[PDB]
Amino acid sequence: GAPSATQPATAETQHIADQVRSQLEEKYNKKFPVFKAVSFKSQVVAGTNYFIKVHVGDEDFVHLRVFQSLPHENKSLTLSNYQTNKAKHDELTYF
Amino acid sequence: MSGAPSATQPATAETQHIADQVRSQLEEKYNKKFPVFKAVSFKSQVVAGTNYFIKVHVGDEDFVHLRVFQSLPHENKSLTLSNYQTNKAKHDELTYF
Amino acid sequence: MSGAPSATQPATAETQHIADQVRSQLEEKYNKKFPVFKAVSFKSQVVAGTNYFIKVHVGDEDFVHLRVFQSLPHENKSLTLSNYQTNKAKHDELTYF
Amino acid sequence: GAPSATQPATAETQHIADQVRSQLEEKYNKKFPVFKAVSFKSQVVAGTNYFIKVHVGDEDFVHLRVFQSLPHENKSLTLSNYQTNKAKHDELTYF
């Protein structure tokens with residue numbers, strides 16, 4: 001995907017923003033005096049997320065979250081996140 | 001082909017090729033080379049949907065950018081919050097983040 | 001968000017908008033206008049993967065084109081046959097079909 | 001998606017072609033003296049297929065298969081196939 005051209009916000013966009021305002025207050029304690037959607041861009045996403053347990057020596061492991069976009073023969077990847085100080089038998093939980 | 005994460009699968013050469021490709025970036029993080037970097041196991045999760053980057057006015061000259069995701073199918077109207085950035089300006093581009 | 005077809009869902013205005021948009025094309029088929037064209041129900045199926053258009057030599061100057069589909073995730077190696085065309089030439093473009 | 005540039009066939013491509021040769025003989029009784037993969041293009045596909053039961057008057061219905069590509073705000077559609085002479089209570093089966 002390639003994000004589209006800048007599009008004007010609609011009533012949906014504002015509904016989405018109203019939801020997000022509450023989430024930002026509740027979990028990241030972020031407050032604003034107004035929260036008015038102005039515009040957006042869209043981006044198609046289609047691929048595979050990998051959650052990978054990697055041994056990094058002795059008792060040490062890390063977990064990786066890596067995204068691989070379509071098509072199937074695409075081999076370029078994005079490291080989206082990771083977890084430090086993981087142990088051998090830890091579960092691969094989403095993050 | 002669910003969006004549910006697969007069960008845990010043992011690493012293959014392709015899993016290792018992924019680990020090799022991202023290793024140096026991670027090694028920057030910890031400021032050191034890993035003596036070893038061996039893929040052991042993985043889960044896969046199909047992702048297919050639309051990201052939206054949304055510019056929000058939060059008063060005066062202050063803006064916020066949001067990244068939200070809407071999964072397929074097209075009739076799904078649920079979106080989840082992926083990331084946000086504060087301290088943005090009216091003419092700041094909606095660039096990926 | 002499976003690739004499994006959903007359960008049957010009653011039609012919504014969006015289902016009807018889809019029916020309206022494709023109606024004239026179908027009406028060409030039957031050589032007549034439908035007096036009515038009312039969406040009743042639907043199933044949805046998420047599709048996400050790679051189409052491949054493959055040129056195959058079948059001897060002398062004769063070729064076949066194939067369309068096959070590979071679903072996500074990336075480690076899926078199963079493909080299914082979607083369409084084929086015979087009577088093609090060595091320099092015929094791999095155009096969608 | 002937009003199909004890629006023409007790529008040369010590999011051993012996989014040939015494995016896929018060998019499978020298809022058998023399917024074409026068995027179901028469409030098509031035989032060839034050779035079946036050698038030469039080249040391919042790829043195309044990303046990501047969207048929703050709709051199978052839709054449409055009333056077309058009195059006892060008459062049709063079933064439609066329509067593809068809607070991402071992004072979510074895309075409203076252009078492709079009629080991929082249809083079934084004639086359907087009845088009211090027929091199941092929406094894949095086709």
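Mind checking which of B:31, B:87, B:76 has the largest fluctuation in a GNM of chain B, springs on alpha carbons under 10 Å? Evaluated over chain B, the most mobile residue of the options is B:31.
Summing +1 for each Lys or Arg and -1 for each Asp or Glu among the other residues whose beta-carbon sits under 13 angstrom from that of residue C:94 gives +3. FRET efficiency for the residue D:19 to residue B:60 pair, using the beta carbon distance and R₀ = 56 Å, is estimated at 0.30.
Every Cα-Cα pair of the protein assembly as shown was included, and the share exceeding 32 Å stands at 49 percent. Classified by the C-alpha gyration tensor, chain A has an oblate form. Its axis ratio a/c, with a ≥ b ≥ c, is 1.5 or above, and a/b does not exceed b/c. Computed over chain C with a Gaussian network model linking Cα atoms closer than 10 Å, the most mobile of C:24, C:71, C:41 is C:24. Across chain A, the mean sequence separation of Cα contacts (distance under 8 Å, 6 or more residues apart), normalised by length, yields a relative contact order of 23 percent.
Using a simple spin-label model with pseudo-atoms 7 Å out from Cα toward Cβ, residue D:30 and residue B:90 lie 6.1 nm apart.
Counts of other chain beta carbons within 10 angstrom of each beta carbon in peptide C:65-71 average 4. Bin all alpha-carbon pair distances of chain C at 10 Å intervals from 0 and give each bin's fraction as a whole percent. Result returned by the calculation: 13, 25, 28, 25, 8, 0. How far is the Cα center of the range A:1-27 from the Cα center of the range D:10-36, in Å? Value for the Cα centre distance between the two parts: 49 Å. Within 10 Å of the Cβ of each residue in A:6-14, the mean number of Cβ atoms contributed by other protein chains is 3. Placing pseudo-labels 7 Å out from each Cα toward the beta carbon at residue D:6 and residue A:76 gives an inter-label distance of 2.5 nm.
Inter-chain Cβ neighbour count for C:15-25, averaged per residue, equals 5 (cutoff 10 Å, partner chain atoms only).
What residue among B:84, B:30, B:52 shows peak mean-square fluctuation when chain B is described by a Gaussian network model with Cα springs under 10 Å? The residue that fluctuates most here is B:30. How far is helix C:13-30 tilted off the main Cα axis of chain C, in degrees rounded to 10, range 0 to 90? Once rounded, the angle reads 60 degrees. Distance from the C-alpha centroid of the range D:64-95 to that of the range A:39-66: 35 Å, rounded to the whole angstrom. Quick check: the angle from helix A:11-28's long axis to the longest principal axis of chain A, C-alpha only, nearest 10 degrees? Helix A:11-28 and the main axis of chain A meet at about 50 degrees.
Dividing the helix sum by the residues of chain C, where each DSSP H run of 4 or more adds -39500 (n - 2.57), gives a mean residue ellipticity at 222 nm of -6500 deg cm²/dmol.
Taken together, the values in this text are just the output of simple stated rules run on the coordinates, not laboratory data. Here the Cβ is made from the backbone with ideal geometry for all residues, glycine too, and neighbour counts use every protein chain on show.
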